[PDB]
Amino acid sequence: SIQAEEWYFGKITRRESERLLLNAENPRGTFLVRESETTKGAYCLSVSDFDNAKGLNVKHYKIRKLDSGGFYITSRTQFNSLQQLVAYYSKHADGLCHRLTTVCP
């Protein structure tokens, strides 16, 4: 049950997610999952990143959900639950800016 997850921030805007993530104390991969502002039934994975080029910054990835049950960022890599998706991206960076490391404070 996604709403019970401490990383699920629910109905917060993109700007608020950036306010929370743009904190000097957050290491790369600090994240949160929220609802998409404009896509009904889709969620967003907001992730903090850091490089010497851009410094501290935030990326937003859309998580699609199938009525057939799967969750995914890219259709080639699907999961049975949002929880499994988070667990997989905590170990593989794949196309994300960084692997998921710590839940946003």
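Position 1 is the first residue in the sequence shown; the rest follow in order. Take the two forms, superpose them, and find the largest set of C-alpha atoms that agree within 1.5 Å; that set is the rigid core.
Once the rigid core is used to overlay the structures in 7 other deposited structures of this protein, the stretch among 16-24 and 84-92 whose CA atoms lie farther from this form is 16-24. Stretch 47-55 is the one, of 26-34 and 47-55, whose CA positions lie farther from the shown form in 7 other deposited structures of this protein once all structures are superposed by the rigid core. Stretch comparison (61-69 versus 43-51) by mean CA B-factor in the PDB entry places 61-69 on top. The mean C-alpha temperature factor is higher for 5-13 when 5-13 and 83-91 are set side by side. Looking at the C-alpha B-factors along this chain, the one for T38 belongs to the highest third. Split the chain's modelled residues into thirds by C-alpha temperature factor. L21 is in the middle one.
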